[PDB]
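The chain below stands alone, shown as structure tokens; this is the form deposited in one PDB entry.
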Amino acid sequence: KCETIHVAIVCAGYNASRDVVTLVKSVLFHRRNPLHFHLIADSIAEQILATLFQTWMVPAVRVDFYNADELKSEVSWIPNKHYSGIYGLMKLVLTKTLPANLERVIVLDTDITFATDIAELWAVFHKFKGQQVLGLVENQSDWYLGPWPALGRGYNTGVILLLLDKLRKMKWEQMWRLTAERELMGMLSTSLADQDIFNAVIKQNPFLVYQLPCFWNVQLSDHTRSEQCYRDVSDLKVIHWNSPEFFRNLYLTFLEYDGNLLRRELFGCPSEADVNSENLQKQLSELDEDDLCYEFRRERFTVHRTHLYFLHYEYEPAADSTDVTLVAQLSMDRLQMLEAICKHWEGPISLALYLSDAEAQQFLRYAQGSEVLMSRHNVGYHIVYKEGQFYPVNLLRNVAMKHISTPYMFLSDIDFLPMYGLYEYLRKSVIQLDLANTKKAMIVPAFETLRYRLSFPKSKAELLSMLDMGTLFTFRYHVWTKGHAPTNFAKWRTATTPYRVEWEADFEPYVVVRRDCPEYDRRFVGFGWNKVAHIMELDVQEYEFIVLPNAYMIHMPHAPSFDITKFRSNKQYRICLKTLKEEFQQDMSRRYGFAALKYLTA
């Protein structure tokens, strides 16, 4: 009843990571038995998938990872032309990689979707007889009908059933190696990668292959002409999207399905105790539900499913080791800023987007449909899926900061447009002020405007002229000047060299710091006191606040978010935010003692 079903998936890259996320969602939507995933992945995919499954907390799912690079030398001698690359040749060597104590496994591809319970496919293992060990579905295309030799139409490696014990007893490694060498002696190339090799083995030993029903692998490829195979669309099971209305709706069902709905244990089967799940349960049990601020404390320890590098990412290390990454976080309603930011900052960017699955797909379509975003590869998109009622601003900031590729980071905001050439200016400033060997934070002055149509200045003199004419203002000039009052804009107007300032109450500048800067406090959600706590923690750790003369950023106006609108620092939210501020002050007093006394009167 609770028999563990083992699924082996080969993943490599960010696109493959998204595809395997979709496949795992499809499998979990129909599962009824414990699942053990064996992910053969390179480091790029391994980090993403490990973080995703750690934060996902799916009950009765055990995930293990295997170094795909170590297997490259196993297939480095086989030329390949399939778009999956060398990683497509690794499904042959799974018997060498998977643990020796495993008997049966279901090998899948990243472009597979499940419309039925995977236990039904696992039950097919009971029907194997004789020496049949590879459960394969006959190819639905005329590719092998005349390519690599195959039996009949050939078999498709999109879904495979393997009996590892029998393959190991029969020395599958030597068999497939000899078959591949013999085929490559004349073919000299592979058209469909290891799949072709599979067919070659099927030619030599047809008795090893068990022909599964066609509806276990519905290949929607070009010129498929398989209408008879899926004539009964109601009873279709597994779909393969190998293409370079019901199917579209089914795909969109899982592509936009909420993954947090999968955090429910399997009935009748014990769930293994995970450290993160146990910690979350203990912390939530410690919280008092009678307290009026229960929601905020619950959101503080809430673990959000995080998908690092949601889009393709590339980066090259800086030769001078002084590179700076723009760090910001945003929700969906701020997407219009992104392109503008990409037009101002030419350096690496690390963003944390708080999107739902539907919003994640909308953002993916927007990014793939935008020339500006597709022309830039050094922008890191880390999607933190929505959960709870409040906006985890500090959690998003921590996610963005932790996954940068540069020694220094600028803790900017998505609503702020920087000046042109600020990237090179900060790269020079870190060398000039020697931030590597000192605890110094370089403050970038913040300005705000109320006009959407703005002629962005190309120099500091033009910015001063615009300030004189009343078009621009210092940030929060009309509401709360205490935030940037210690910036000393009056001295900044005529300053030609960076100058040090001192911390004051409610100070919250925008700082360029090192990679190892202390993290934000996750206890603050929504709007208010988010950056004040971080600036206080910076000051208590002996950080020197330095204002640069020739740097500035302008806060473009934005409609109030639902966070502000609902919890506009009034009534229950104001009381809870004051309580959180008091708790943070108490923790500051306890942790550092004498060095943190001056913040009590702040």
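If you superpose the two forms and keep the largest set of C-alpha atoms that fall within 1.5 Å, you have the rigid core. In case it trips you up, residue 1 is the first one in the sequence shown, and so on.
- Count the deposited residues lacking coordinates between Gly146 and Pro147 and you get 4 to 9 of them.
- The entry models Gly470 and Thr471 with no unmodelled deposited residue separating them.
We do not show the form deposited in another entry, though everything after this point is about it.
- Compared between the shown form and the other one on the core, the listed residues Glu227, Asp232, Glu316, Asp288 keep their C-alpha shifts below 2 Å, save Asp232.
- Shown in the overlay between the shown form and the other one, fitted on the rigid core, is a CA shift at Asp468 of 2 Å or greater.
- After superposing the rigid core, the Cα of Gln47 is displaced by less than 2 Å between the shown form and the other one.
- Fitting the two forms on the rigid core leaves the C-alpha of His30 displaced by under 2 angstroms between the shown form and the other one.
- Annotation: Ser569/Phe507 CA-CA distance longer in the other form than in the displayed model, change of at least 3 Å.
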